[PDB]
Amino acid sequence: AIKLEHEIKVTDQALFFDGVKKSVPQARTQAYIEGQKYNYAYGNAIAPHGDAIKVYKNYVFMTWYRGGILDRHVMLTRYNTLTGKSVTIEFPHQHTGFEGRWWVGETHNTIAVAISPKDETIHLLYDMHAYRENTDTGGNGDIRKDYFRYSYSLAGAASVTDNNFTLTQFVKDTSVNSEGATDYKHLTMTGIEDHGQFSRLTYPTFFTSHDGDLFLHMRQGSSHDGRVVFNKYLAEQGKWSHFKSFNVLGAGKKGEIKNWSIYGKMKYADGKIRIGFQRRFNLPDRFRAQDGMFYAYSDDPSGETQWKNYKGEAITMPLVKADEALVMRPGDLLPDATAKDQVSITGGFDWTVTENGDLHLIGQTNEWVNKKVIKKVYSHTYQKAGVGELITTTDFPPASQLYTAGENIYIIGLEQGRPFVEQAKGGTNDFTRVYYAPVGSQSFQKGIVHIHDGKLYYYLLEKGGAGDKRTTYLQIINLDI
């Protein structure tokens, strides 16, 4: 059976935005008020959130901002699965909120963490939402040399003893742009300052290959003109390669009918670097936001060349016309919803490929009538063993993410606050519940999932907290592969 093995408190001081939702014009224009609750522009929970948990050998690395509203420091915690002990590092940087307005919480601005399995360096990317040298902070700090925020460690830092797991392991900014003695934020990953390359970036997400190569991808640009860029860590050189575009910017002048933006995620799946995404075209049409569903994979271990669509055909690279990578048109799921903005696709998209080559993609497609969602359609698109017909069904529960281990795919979530796992054989839509925490166990408000070596690492926010400091836990659940 799937079994809970460990439950570990991470902190009682995780930052939470305990105020109310603010519009973007509100967030940009309103001044701070002392004693205010911590308002927010998007979500209210920045911890656990983003690419915030990784497992390397016997270490679980977890990031979070610390509360409350006057603190907001970037934190890195390492739990040792062999000793049961944890150690945390406080970084000088504090969450800068919405475009420098640090009293408005900004859940885009996560802290991503990765370990290089080659040289055991630690990498952190944090507090970014497409900032640039001329981002207007409204009088809240100088961002001209701080629009891209990277911290990294000495080689070997991942495995030092707890008492040595300190800021001493991390490398200061000693460039000509350095702020001084506690500046751990680097404006580049390549050793070369490059505003074209490192501005307008959002959503840091690392992934690793079988052989221990480490990669990063981010979104560059805007919701009207956006691309995914990705690079590779060069352990032998102590730096990263130049960002490479999966798709172009300015597609409207390079072969597509119009510029577009890309909503998806690259992952390492069944031994290959791949991407699944949806497109936002911003045409005045039936699509309030995103349209389509797309997927491509690379047969190149570096992920740079040999990109193909699900049929195995080479695609243009960098991609200009998303339809080369088409798998499904979610507008089809509401075939009579033809009025302006009547098909609303704003989230709920995910994908995976199992170790047997089964391709799986999920989506949420909403019907939008008089400015309200009146129908929610969940889809599951899947191809057994990478061949044959692509099956799409709407007989799928309200799940927003898919995971994989062994021959299976998994839905993992919270039901009445308690973690559950549903499992299906890859290449199928036949889920059964195989784990549900028992009555009397704790209740959680939010969790992020990391699958590693046949185990589920569930990084969880405990429900029922008050104020801007809350309690997070780590659960380690054996998937019994």
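Just count from 1 along the sequence shown to find any residue number.
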Between 314-322 and 171-179, the record assigns the higher mean Cα B factor to 171-179
370-378 set against 153-161, stretch whose average Cα temperature factor tops the other in the entry = 370-378
Whose C-alpha has the highest temperature factor in the PDB entry: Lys267, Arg279, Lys85, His360?
-> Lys85
Between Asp71, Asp341, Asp350, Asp119, let me know which has the highest C-alpha B-factor in the entry?
-> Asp341
Against its chain's modelled residues, does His49's Cα B factor rank lowest, middle or highest third?
-> lowest
Among the modelled residues of its chain, the C-alpha B-factor of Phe420 falls in the third labelled middle
Ranked against its chain, the third holding the CA B-factor of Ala27 | highest
Looking at the entry's B-factor column for C-alpha atoms only, identify whether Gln383 ranks in the lowest, middle or highest third of its chain.
-> middle
Would you please rank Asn140 by its C-alpha temperature factor against the other modelled residues of its chain and give the third it falls in: lowest, middle or highest?
-> highest
